[PDB]
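The next block holds one structure in the form of structure tokens; read it before the comments.
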Ligand SMILES: Nc1ccn([C@@H]2O[C@H](COP(=O)(O)OP(=O)(O)OP(=O)(O)O)[C@@H](O)[C@H]2O)c(=O)n1
Ligand SMILES: Nc1ccn([C@@H]2O[C@H](COP(=O)(O)OP(=O)(O)OP(=O)(O)O)[C@@H](O)[C@H]2O)c(=O)n1
Ligand code: NA
Ligand SMILES: [Zn+2]
Ligand SMILES: [Zn+2]
């Protein structure tokens, strides 16, 4: 059913919805959440869908979806009306979620949150570790 | 909103629906999945609910829910109707998902799957590691 | 074949009363009439990842007393696991393609059980795994107790020392708790008392046990005074000193002991048994160690030799 | 006598194609029909000056499988060379007066060859010498490849990992380059490419070889996927991470592999071969290790037993 | 001629209520108004025979803040470990002819006291001696408690962790017991309970104390939650795991703490204090360590200057 | 309020052309006219978790030349190595409550940056962090280049050795790339070539660079011949030997060098710079290290004093 007021992430590629629920621990709320995985669609055949009642994401919390759901669509839906939709744009920093490939990086053994600088390079995205200063292709950082 | 054929796990205590999806990799299929978190139950206030079309569970797969969702109810649905329904029975063993609390246990550093023998007793379940043979309270094993 | 043929020997918990009797009966026959070539053409691995003098030496001597060859090591320092961090699994996966049986002692609990899942059809014998099992130690202990007392039931047995962490006493208690009428006396510092899970196990079976703060307090009725070393390092230097005298044995303490009572100790000892006890007729810890040969020998014969042949 | 009787086994370079065939043919016969007493009354030295689990254990097991005795050590720490700085020469000069053959692994290139000049008429077998040779490793590899593919010519062979420093891959390439029609695929990080001197050797013989940046890129036509461990420590932590995924193998990568293709690895492995490959029908690295027995056994029989006797 | 002039700072037992107050009062004055040239021309030995991060670094830093110089060592690579003997006695007898005061940490109980009998008139300050005393740690804990609570009387103080072996919890209890109406809450594993002699001492003085299962139990009424680590080594890896949860603090547990409640820990910590506590207003362990500077400065001034005109 | 006041000195990437010049300018003034009481009353931590001769000794010496005190360590025998955990985070959180600034060298990349998030307002200066940064080494190299060449623009700079892994050559190239018209000459073994990202960085800025076989090739046109060692460990003992001759400098090679050409080396060296070069007017490595004193003094003054009135 269509939610009242809250946010709804639409057009998530298949197998990314759950990943999103995990990486950003979005299910750690007392709010009614409805999730649809492997639902039929047109612009991508099959997609995932997340609905979180009475919750909203800053335009930065949305950009953080870029590396996982670049062609996704966030909706602000309020009072049963699609208030303001928004597309995920590449942020300039991604924290907490990523893991540094450099095994000798201090981030691994210490109680610190991970953090990378984002930079688009055509074909891939370069991620530079705040501690490291080493830069890796998002294909290496994500593809673990 | 009532799948043709599949399984429905009802009466999942709050904050357990995600765990179940995680620990048992329920979202790792092409089959359409429907999820409900913090939904109104009627008395228990809210409870999680999971639906998995074209997918059914053995009584052992269901028994594996005992520790997390004891009061849960697994519903077998074929041709829109809830043919059979069962409740999780305490399992004989629990493999893969639990982690042995003994840091000196060989299971940690080596490439083997966890495994504990289940024995109900004085107000709680005791889990015995297949390896170090140390027995712990389901509370301490589940605690991490 | 015999009930232990090709079976793994990992936990005292997996050995039935009949299994223990079978090993002892076999250990008695071989002790009486040797079989120097019983295991000729067999090559056994002796893999110790932790120090040992009696368990490794007796086991290897047993292999030879039976005609089998040996390959192995005393420490993991010069092995791939050790230098290029190879997994224990791969180590076994590989060694199991070489030998007919694997005897191993490892610092981590579960090690021997783990080997089992990677040794294919090659028997593994636990020579000690962390603070979990040490079955062959219990087998020689049982043999020793039965040889000197003539039976394994209706015995008065006292165990002294580090009862909280001692795996040999935990194992021996379980083993003896498979026979009938045995009553236990646990003498240990408050900080090192026999664990509750053992005490419950004894209750479910309606086995009588009691605690005592001194050896001298039970001397008069014990048939077996099983001594272990009070792991001093497990206590505060001064804490130990205050309760020490209650957990050490000397010749004078044996004044009112029963004629048939024997003092056992899995060894090594340190302080707990004074040397003036050595020449008393009660001292049986070295005979006990010597009994490791038979038993360790019986165990190997049962596991590697198909049909019985007592 | 047979062509290898009393010969030293030092470099793959000194073994003709007939010699390799001879060892494999012998390794096959012994594997089929054992000769437990073939080397009875022989005492062989097992001298390892560097860590080893498979090469030393299999070799010693081989000696016993043939009836021979063993003396030796796993490290030089407790030897005169080690404590009072004795020369390797004197060490051999002396040990050669004791045994009938010497198996040695040493950290320095040339060691085994050096032993040769001081062992009198005592055969020395190179169990590994620095970054130079490791012939017995190649012999078991060849046996393994022929056993699973049925031949040693006209094969498609891929080798992955530290090709620049790996002595086993350098040796295997030379060995296979003695047979005909073999074509190689070298998959290694740019920093760890197969050395030029090997590439030239392959050219002079008009042998086809090509470079590839990923395993998945050649999967479809290889008969042998020879994996070695990417010596990570030989690369910058981050350098490695970027090219890593191209040199590691997992079960999913075997989707389009040939039915007869086998994955080999001299071991130990670390990361390069995920454990989910273990139970696939392609996994042959443990069978490979097990084949060390036969071969190491065939080698000893040919060197120590006069006339043939296959 | 202040009370602590040229006095040894060895045991908390040697310090009176007045003594403690005199030190804390001075620590407050020096904090508010430093005297960087106070100990100019003075040279102080910093001898640590055991590891340390905060005790040595703060003491030495305290010496500099007062303008004094420093000589010493972090371990033994001197005449004591190198050239045998060189008893601690002779080591002190010699060093005391060089420096104006000796700060020492040693693994044996009684070391600092011993130094006292060979140091002539050179004051020695005990920075830790085995499982006995650690007076400067107590002085900084008190200053930290008095600073955040504005008093050392009528306090609700809970102590968590290894109360059996912790020398600092013993010393702090002793210390606070020199003040009135304080109430203690001991929360520890059964195997590491606050020792009975401490409890007698409290009874003897009519001071209230009680044993509790978890922190959650006493939370709502503590002014000072004194945490210490429970080294797993002092327990069975299994045993530990079963009671861990009730001796480790995390942010949420502070949900019902008094506004004034401050969490203290002598450090270092492992996991008994989750990092999510660091951000709470209750976290006061780093401030506590920062106070070591003032408590220790105060001590050096009182001991080295007969009349502090501040 | 100078640009670098209370600022962290972590990465060369965090330093601007102005920043670099400000530091070098101050280094010149302080060299000509010392200010020995400038940092009086300040106490600075010197924490080295990795070996060092020049970086630690000069930094600490620089602190004294400015009148500041020092506390720290040369390795771990503190709470971090001794009593486990004691994370680097908690180590800094504590030390930062003692000192006015932290100088640290650590084996992991990112360590210094991490210290920054737990040091409060205490400035941390990176004396080397794994294979990442080493900013004070670059600052002294620049001061040394600007001093002998009178500029940092339009220079012919050749870098020799391990350009692939050397963190100091990477940092210096980055640094000089913040100036105009400089021309680089990279001379290295194929296996240790200057990394591609450095080359992209140069292209992106329109800076000229080229690869050369030997020093002899570019000699006649370099203003600064920056040498570094080529650790043989990063190559095959054999491989090395074949290209050695073209990466090692000897007196004669300087036969056609410009009068102004200065030979630099961050040190230590092994053989890449023959001792017969020491006597030439071109040898400037010891002077370079001597400048660490002024560059580092400058840094401490700029960071610890808001307004240097010099
Ligand atoms: N009261 C509402 C209103 C809208 N939605 C959901 O929010 C999204 C709104 O999409 P819509 O406005 O209908 O535009 P579409 O035609 O679906 O195209 P697009 O995916 O670009 O939005 C859909 O997931 C819709 O189901 C909802 O859950 N509850
Ligand atoms: N085609 C169907 C059929 C049933 N259900 C779900 O099956 C569960 C149980 O439905 P049912 O047994 O028919 O009624 P209940 O009263 O919910 O049974 P119980 O009280 O045992 O939960 C509910 O979540 C219902 O939505 C579904 O999602 N799709
Ligand atoms: Na033999
Ligand atoms: Zn990093
Ligand atoms: Zn376990």
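Protein chains in written order, with UniProt numbering: chain A, 10 to 153; chain B, 10 to 153; chain C, 2 to 311; chain D, 2 to 311; chain E, 2 to 311; chain F, 2 to 311. All C-beta atoms, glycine included, are put in the ideal place defined by N, C-alpha and C.
Use the C-beta contact count for residue 51 of chain D: other C-beta atoms within 10 angstroms, 16 or more gives buried, fewer gives exposed. Translated into the one-based positions of the fourth chain, residue 51 of chain D becomes position 50. By the neighbour-count criterion, in which a residue is buried when 16 or more other Cβ atoms sit within 10 angstroms of its Cβ, residue 51 of chain D is buried.
Residue 120 of chain D classed as buried or exposed, judged by whether at least 16 other C-beta atoms fall within 10 angstroms: Translated into positions along the fourth chain, residue 120 of chain D becomes position 119. Flag for residue 120 of chain D reads buried.
Continuous beta strand (DSSP E) assignments of at least 3 residues falling wholly in the segment 250–287 of chain E: Entirely contained in the segment 250–287 of chain E, the beta strand (DSSP E) runs reaching 3 residues are, in chain order, 263–265.
Sorted by chain position, which residues of the same chain lie with C-beta nearer than 6 Å to residue 83 of chain A's C-beta, five sequence neighbours on each side aside? On the first chain, position 74 is the one that residue 83 of chain A refers to. Cβ within range, chain order: 18, 71 and 95.
First and last residue of the alpha helix (DSSP H) that includes residue 82 of chain D? Your numbering for residue 82 of chain D matches position 81 in the fourth chain. Note, residue 82 of chain D: alpha helix (DSSP H), 81–84.
Who are the neighbours of residue 238 of chain E on chain B, taking C-beta pairs under 7 Å? As a working note, residue 238 of chain E is residue 237 in the fifth chain. Residues of chain B with a Cβ closer than 7 Å to the Cβ of residue 238 of chain E are, in chain order, 111, 112 and 113.
Please report the straight-line C-alpha distance between residue 157 of chain E and residue 264 of chain E, rounded to a whole angstrom. Position 156 of the fifth chain, counted from the first residue, corresponds to residue 157 of chain E. Position 263 of the fifth chain, counted from the first residue, corresponds to residue 264 of chain E. C-alpha of residue 157 of chain E to C-alpha of residue 264 of chain E: approximately 12 Å in a straight line.
Residues in the segment 109–138 of chain E having any Cβ partner in chain C nearer than 9 Å: Per Cβ criterion, the list reads 110, 131 and 132.
Using a 10 Å radius around the Cβ and a threshold of 16 neighbouring Cβ atoms, would you call residue 144 of chain C buried or exposed? Taking the third chain and counting its residues from 1, the one referred to as residue 144 of chain C is at position 143. Flag for residue 144 of chain C reads buried.
Near-chain D residues of the segment 75–88 of chain C (beta-carbon distance less than 8 Å), N- to C-terminal order: Of all residues in the segment 75–88 of chain C, 78, 79, 80, 81, 82, 83, 84, 85, 86 and 87 have a Cβ within less than 8 Å of some Cβ in chain D.
Hey, out of E:153, E:168, E:132 and E:189, whose CA is closest to residue 180 of chain E's CA? In the fifth chain, counting from the first residue as 1, residue 180 of chain E sits at position 179. Nearest of E:153, E:168, E:132 and E:189 to residue 180 of chain E, Cα basis: E:153.
For the segment 224–254 of chain E, list every residue whose C-beta sits within 7 Å of some C-beta in chain B, in sequence order. Cβ contacts with chain B come from 238, 239, 242, 243 and 246.
Name, in chain order, the residues that DSSP records as bridge partners for residue 107 of chain F. Looking up residue 107 of chain F in the sixth chain gives position 106. According to DSSP, residue 107 of chain F bridges with F:130.
By the 10 Å Cβ neighbour count, where 16 or more other Cβ atoms means buried, how is residue 160 of chain C classified, buried or exposed? The residue labelled residue 160 of chain C in the question sits at position 159 within the third chain. The C-beta of residue 160 of chain C has 16 or more other C-beta atoms within 10 Å across all chains shown, which makes the residue buried.
Can you find a heavy atom of ligand 3 that lies under 8 Å from the Cβ of residue 70 of chain D? Within the fourth chain, numbered from 1, the residue matching residue 70 of chain D stands at position 69. For ligand 3, at least one heavy atom lies less than 8 Å from the Cβ of residue 70 of chain D.
Since residue 48 of chain A and residue 55 of chain A are thought to touch, with beta carbons under 8 Å apart, how far apart are those beta carbons, to the nearest angstrom? Within the first chain, residue 48 of chain A is the residue found at index 39, counting from 1. Within the first chain, residue 55 of chain A is the residue found at index 46, counting from 1. Going by Cβ atoms, the distance from residue 48 of chain A to residue 55 of chain A rounds to 7 Å, so yes, they are a contact pair.
Regarding residue 227 of chain E and ligand 2, is the C-beta to nearest heavy atom distance less than 8 Å? Residue 227 of chain E sits at position 226 when you count from the first residue of the fifth chain. No, the beta carbon of residue 227 of chain E sits no closer than 8 Å to any heavy atom of ligand 2.
Using the beta-carbon of each residue, find all residues closer than 6 Å to any heavy atom of ligand 4 and list them in chain order. Near ligand 4, meaning a beta-carbon closer than 6 Å to one of its heavy atoms, we find A:109, A:111, A:114, A:116, A:138, A:140, A:141, A:143 and F:111.
For chain B, find out if any of its Cβ atoms is closer than 9 Å to the Cβ of residue 151 of chain A; answer yes or no. Mapped onto the first chain, residue 151 of chain A falls at position 142. At a cut-off of 9 Å between beta-carbon atoms, residue 151 of chain A makes no contact with chain B.
Beta carbon nearer than 7 Å to a non-hydrogen atom of ligand 1: Those residues that have a beta carbon less than 7 Å away from any non-hydrogen atom of ligand 1 are, in order along the chain, A:11, A:12, A:13, A:17, A:19, A:20, A:58, A:60, A:82, A:84, A:86, A:89, A:90, A:91 and A:94.
Inspect the CB distances between the segment 188–201 of chain F and the segment 222–239 of chain F and report whether three or more fall short of 8 Å. The segment 188–201 of chain F, when compared against the segment 222–239 of chain F, does touch it at the 8 Å Cβ threshold.
Backbone CA spacing between residue 318 of chain D and residue 171 of chain D [nearest angstrom]: As shown, chain D starts at 2 and ends at 311. That puts residue 318 of chain D outside it, with no answer to give.
Could you check whether the Cβ of residue 96 of chain C sits closer than 9 Å to any Cβ belonging to chain D? As a first step, residue 96 of chain C must be located in the third chain, where it is residue number 95. Using a Cβ-Cβ cut-off of 9 Å, residue 96 of chain C counts as an interface residue toward chain D, since at least one Cβ of chain D sits closer than that to its own.
Return helix, strand or coil for residue 295 of chain D, following the three-state DSSP convention. As a first step, residue 295 of chain D is located in the fourth chain; it is residue number 294 there, counting from the start. Shown here, residue 295 of chain D sits in a helix according to DSSP, grouped into three states.
Mind checking if residue 213 of chain C is an interface residue toward chain B, Cβ cutoff 9 Å exclusive? In the third chain, the residue the question calls residue 213 of chain C occupies position 212. No, no contact with chain B.
Can you name the residues of chain I whose CB is closer than 8 Å to the CB of residue 166 of chain F? No chain I is present in this structure, whose protein chains are A, B, C, D, E and F.
Is residue 129 of chain A close to chain F, meaning its C-beta is less than 9 Å from at least one C-beta of that chain? Translated into positions along the first chain, residue 129 of chain A becomes position 120. It does not: the Cβ of residue 129 of chain A has no partner Cβ on chain F nearer than 9 Å.
Using only alpha-carbon positions, find the residue among C:305, C:207, C:229 and C:290 that is nearest to residue 272 of chain C. Here residue 272 of chain C is taken as the residue at index 271 of the third chain, counted from 1. For residue 272 of chain C, the closest of C:305, C:207, C:229 and C:290 by C-alpha to C-alpha distance is C:229.
Using a cut-off of 7 Å between C-beta atoms, extract the partners of residue 45 of chain A located in chain B. Taking the first chain and counting its residues from 1, one reaches residue 45 of chain A at position 36. By Cβ distance, chain B contributes 43.
Residue interval of the beta strand (DSSP E) (run including residue 6 of chain B): Residue 6 of chain B is absent from the structure shown; chain B starts at 10 and stops at 153.
How many Å lie between residue 112 of chain F and residue 140 of chain F at the Cα? For the purposes of this step, residue 112 of chain F is taken as the residue at position 111 of the sixth chain. For the purposes of this step, residue 140 of chain F is taken as the residue at position 139 of the sixth chain. Using only the alpha carbons, I get a separation of about 20 Å.
Which one of A:122, A:80, A:23 and A:64 has the shortest CA to CA distance from residue 39 of chain A? For this step, residue 39 of chain A is matched to residue 30 along the first chain. Comparing Cα-Cα distances from residue 39 of chain A to each of A:122, A:80, A:23 and A:64, the minimum goes to A:64.
According to DSSP, simplified to helix, strand and coil, what is residue 308 of chain E? Position 307 of the fifth chain holds residue 308 of chain E. Residue 308 of chain E falls in the coil class under three-state DSSP.
Pick from C:49, C:13, C:83 and C:261: whose alpha carbon is nearest that of residue 104 of chain C? Locating residue 104 of chain C in the third chain gives position 103, where the first residue counts as 1. Ranking C:49, C:13, C:83 and C:261 by Cα distance to residue 104 of chain C puts C:49 first.
Helix, strand or coil for residue 19 of chain B per DSSP? Start at 1 with the first residue of the second chain, and residue 19 of chain B comes out as number 10. When DSSP states are grouped into helix, strand and coil, residue 19 of chain B belongs to the strand group.
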